[PDB]
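Content type PDB, C-alpha atoms and all ligand atoms, from the file protein-v9.pdb:
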```
ATOM      1  CA  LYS J   1       0.000   0.000   0.000
ATOM      2  CA  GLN J   2       2.983   2.340   0.431
ATOM      3  CA  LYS J   3       4.133   1.409  -3.082
ATOM      4  CA  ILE J   4       0.655   2.084  -4.477
ATOM      5  CA  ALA J   5       0.520   5.500  -2.791
ATOM      6  CA  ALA J   6       3.977   6.465  -4.057
ATOM      7  CA  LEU J   7       3.078   5.423  -7.602
ATOM      8  CA  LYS J   8      -0.184   7.390  -7.537
ATOM      9  CA  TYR J   9       1.765  10.400  -6.281
ATOM     10  CA  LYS J  10       4.168  10.035  -9.231
ATOM     11  CA  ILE J  11       1.233   9.790 -11.654
ATOM     12  CA  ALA J  12      -0.357  12.980 -10.334
ATOM     13  CA  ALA J  13       2.980  14.799 -10.465
ATOM     14  CA  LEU J  14       3.581  13.644 -14.043
ATOM     15  CA  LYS J  15       0.114  14.762 -15.141
ATOM     16  CA  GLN J  16       0.750  18.215 -13.659
ATOM     17  CA  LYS J  17       4.127  18.273 -15.397
ATOM     18  CA  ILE J  18       2.574  17.405 -18.764
ATOM     19  CA  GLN J  19      -0.047  20.147 -18.311
TER      20      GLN J  19
ATOM     21  CA  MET Z   6      21.068   2.825 -35.679
ATOM     22  CA  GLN Z   7      20.932   2.931 -31.901
ATOM     23  CA  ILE Z   8      17.932   3.434 -29.637
ATOM     24  CA  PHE Z   9      17.639   3.598 -25.874
ATOM     25  CA  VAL Z  10      15.353   1.669 -23.540
ATOM     26  CA  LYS Z  11      14.800   3.092 -20.046
ATOM     27  CA  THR Z  12      13.298   1.373 -17.032
ATOM     28  CA  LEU Z  13      11.529   3.050 -14.135
ATOM     29  CA  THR Z  14      14.413   1.771 -11.959
ATOM     30  CA  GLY Z  15      16.970   4.123 -13.537
ATOM     31  CA  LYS Z  16      18.445   1.660 -16.035
ATOM     32  CA  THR Z  17      19.193   2.661 -19.615
ATOM     33  CA  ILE Z  18      19.850  -0.052 -22.220
ATOM     34  CA  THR Z  19      21.429   0.746 -25.590
ATOM     35  CA  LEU Z  20      20.314  -1.334 -28.569
ATOM     36  CA  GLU Z  21      21.542  -1.671 -32.132
ATOM     37  CA  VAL Z  22      18.455  -1.858 -34.361
ATOM     38  CA  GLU Z  23      17.163  -1.469 -37.933
ATOM     39  CA  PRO Z  24      14.108   0.679 -38.794
ATOM     40  CA  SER Z  25      12.396  -2.509 -39.997
ATOM     41  CA  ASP Z  26      12.988  -4.421 -36.754
ATOM     42  CA  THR Z  27       9.779  -5.749 -35.258
ATOM     43  CA  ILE Z  28       8.916  -5.011 -31.648
ATOM     44  CA  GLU Z  29       9.179  -8.759 -31.053
ATOM     45  CA  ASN Z  30      12.772  -8.545 -32.299
ATOM     46  CA  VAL Z  31      13.518  -5.495 -30.129
ATOM     47  CA  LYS Z  32      12.310  -7.561 -27.163
ATOM     48  CA  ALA Z  33      14.630 -10.400 -28.164
ATOM     49  CA  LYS Z  34      17.500  -7.890 -28.266
ATOM     50  CA  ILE Z  35      16.540  -6.721 -24.772
ATOM     51  CA  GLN Z  36      16.631 -10.366 -23.667
ATOM     52  CA  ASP Z  37      20.137 -10.720 -25.111
ATOM     53  CA  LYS Z  38      21.369  -7.758 -23.089
ATOM     54  CA  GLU Z  39      19.369  -8.167 -19.877
ATOM     55  CA  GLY Z  40      18.069 -11.727 -19.673
ATOM     56  CA  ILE Z  41      14.460 -10.512 -19.477
ATOM     57  CA  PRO Z  42      12.128 -12.952 -21.290
ATOM     58  CA  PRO Z  43      10.133 -11.148 -23.995
ATOM     59  CA  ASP Z  44       6.837 -12.260 -22.399
ATOM     60  CA  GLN Z  45       7.648 -10.097 -19.397
ATOM     61  CA  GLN Z  46       8.432  -6.938 -21.375
ATOM     62  CA  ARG Z  47       6.025  -4.099 -22.081
ATOM     63  CA  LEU Z  48       7.520  -1.438 -24.339
ATOM     64  CA  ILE Z  49       6.070   2.060 -24.465
ATOM     65  CA  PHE Z  50       6.791   4.951 -26.798
ATOM     66  CA  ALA Z  51       5.185   8.351 -27.344
ATOM     67  CA  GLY Z  52       2.240   7.505 -25.117
ATOM     68  CA  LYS Z  53       1.360   4.035 -26.432
ATOM     69  CA  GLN Z  54       2.186   0.421 -25.691
ATOM     70  CA  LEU Z  55       3.872  -1.347 -28.589
ATOM     71  CA  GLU Z  56       2.454  -4.462 -30.281
ATOM     72  CA  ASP Z  57       4.875  -7.236 -31.176
ATOM     73  CA  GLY Z  58       4.185  -7.559 -34.911
ATOM     74  CA  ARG Z  59       4.767  -3.939 -35.935
ATOM     75  CA  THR Z  60       8.152  -2.435 -36.790
ATOM     76  CA  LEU Z  61      10.026   0.450 -35.206
ATOM     77  CA  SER Z  62       9.359   2.418 -38.380
ATOM     78  CA  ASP Z  63       5.607   1.768 -38.096
ATOM     79  CA  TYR Z  64       5.616   3.412 -34.657
ATOM     80  CA  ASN Z  65       7.750   6.305 -36.021
ATOM     81  CA  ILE Z  66      10.732   5.398 -33.823
ATOM     82  CA  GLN Z  67      13.891   7.038 -35.210
ATOM     83  CA  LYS Z  68      17.587   6.832 -34.379
ATOM     84  CA  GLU Z  69      18.408   7.854 -30.779
ATOM     85  CA  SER Z  70      14.763   7.588 -29.684
ATOM     86  CA  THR Z  71      14.026   6.485 -26.109
ATOM     87  CA  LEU Z  72      11.587   3.685 -25.335
ATOM     88  CA  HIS Z  73      10.298   2.836 -21.874
ATOM     89  CA  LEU Z  74      10.269  -0.679 -20.447
ATOM     90  CA  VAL Z  75       7.881  -1.977 -17.776
ATOM     91  CA  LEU Z  76       8.047  -5.568 -16.531
ATOM     92  CA  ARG Z  77       4.837  -7.579 -16.151
ATOM     93  CA  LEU Z  78       4.665 -11.068 -14.657
ATOM     94  CA  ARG Z  79       1.778 -12.210 -16.870
TER      95      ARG Z  79
ATOM     96  CA  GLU W   1       1.354  -6.831  -7.613
ATOM     97  CA  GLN W   2      -1.206  -6.619 -10.410
ATOM     98  CA  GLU W   3      -2.287  -3.116  -9.398
ATOM     99  CA  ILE W   4       1.339  -2.015  -8.998
ATOM    100  CA  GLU W   5       1.937  -3.075 -12.608
ATOM    101  CA  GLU W   6      -1.046  -1.114 -13.926
ATOM    102  CA  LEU W   7       0.233   2.025 -12.180
ATOM    103  CA  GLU W   8       3.727   1.474 -13.585
ATOM    104  CA  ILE W   9       2.362   1.284 -17.134
ATOM    105  CA  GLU W  10       0.586   4.601 -16.521
ATOM    106  CA  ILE W  11       3.831   6.184 -15.278
ATOM    107  CA  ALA W  12       5.685   4.882 -18.336
ATOM    108  CA  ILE W  13       2.918   6.123 -20.674
ATOM    109  CA  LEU W  14       3.108   9.575 -19.080
ATOM    110  CA  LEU W  15       6.903   9.660 -18.958
ATOM    111  CA  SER W  16       7.044   8.656 -22.633
ATOM    112  CA  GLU W  17       5.039  11.793 -23.444
ATOM    113  CA  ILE W  18       8.166  13.650 -22.284
ATOM    114  CA  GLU W  19      11.058  11.172 -22.833
ATOM    115  CA  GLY W  20      10.840  10.054 -26.453
TER     116      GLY W  20
HETATM  117  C1  LIG J 101      -0.361  -5.833  -6.221
HETATM  118  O1  LIG J 101      -0.294  -4.735  -6.676
HETATM  119  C2  LIG J 101      -1.339  -6.142  -5.093
HETATM  120  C3  LIG J 101      -1.720  -4.903  -4.293
HETATM  121  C4  LIG J 101      -0.759  -4.660  -3.138
HETATM  122  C5  LIG J 101       0.185  -3.591  -3.011
HETATM  123  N1  LIG J 101       0.796  -3.772  -1.839
HETATM  124  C6  LIG J 101       1.833  -2.915  -1.298
HETATM  125  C7  LIG J 101       1.308  -1.482  -1.215
HETATM  126  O2  LIG J 101       1.424  -0.773  -2.164
HETATM  127  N2  LIG J 101       0.300  -4.850  -1.262
HETATM  128  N3  LIG J 101      -0.635  -5.390  -2.024
END
```
Output the file's structure as structure tokens, nothing else.
Amino acid sequence: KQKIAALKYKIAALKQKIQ
Amino acid sequence: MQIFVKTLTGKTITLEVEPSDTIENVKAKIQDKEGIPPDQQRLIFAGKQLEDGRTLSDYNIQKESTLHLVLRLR
Amino acid sequence: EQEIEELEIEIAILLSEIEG
């Protein structure tokens, strides 16, 4: 569950970056 | 020509390829360099996952392009 | 492990929209 939360955090950060 | 394949773990693999190489063949080349069975490889480029039967040229992959590699058990 | 893999594919998809 820590891995899942870190991956979701990366996804959100990447989406902001792409925007 | 040479292309690069990057993992999410910080690894970069250099490959020697032809524009007409199939993705299946690129996966075999990754196996040669890394020991990763092709079944476990997912290759991703320019926002899409790559299907085995198409060529690098079909996906518009040029010299010095970077692909991304994710490992999947199934 | 399955859900970790799905999230990794998404990261790679997004990263490949920058690193290509
Ligand atoms: C595979 O993804 C099964 C889900 C899962 C993840 N974790 C570690 C937390 O991220 N445990 N089970």
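Non-sequential neighbours of region 6-16 of chain J (distance at most 8 Å, separation of 5 or more positions within a chain, all atoms listed in the file) are residues 4, 7, 8, 10, 11, 14 and 15 of chain W.
With only C-alpha atoms taken into account, the protein and nucleic acid residues at most 8 Å from residue 53 (chain Z) (excluding it and anything under 3 positions from it in its own chain) are residues 49 and 50 of chain Z; 13 of chain W.
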**OP:** Compile the contact shell of residue 69 (chain Z) as a ChimeraX atom specification: residues with an atom at most 7 Å away, counting all atoms listed in the file, same-chain residues fewer than 3 positions apart removed.
**Re:** /Z:7-9
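Residue-level contact on chain W: within 7 Å of chain Z, counting all atoms listed in the file, the set is residues 5, 8, 9, 12, 13, 14, 16, 17, 19 and 20 of chain W.
Here the PyMOL selection byres (((not hetatm)) within 7 of (chain J and resi 101)) captures the residues residues 1, 2, 3, 4 and 5 of chain J; 1, 2, 3, 4 and 5 of chain W.
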Original post:
Which distance in Å separates CA of residue 37 (chain Z) and CA of residue 20 (chain Z), to one decimal?
Top reply: 10.0 Å
Go ahead and fit an axis-aligned box to every listed atom of region 1-14 of chain W plus 4 Å each side, and pass me the centre and edge lengths in Å, one decimal, as lines of an AutoDock Vina configuration file.
```
center_x = 1.7
center_y = 1.4
center_z = -14.1
size_x = 16.0
size_y = 24.4
size_z = 21.1
```
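You will find CA of residue 56 (chain Z) at 15.3 Å from CA of residue 35 (chain Z).
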Subject >> Point-to-point distance in Å for CA of residue 19 (chain Z) and CA of residue 38 (chain Z) >> reply: 8.9 Å
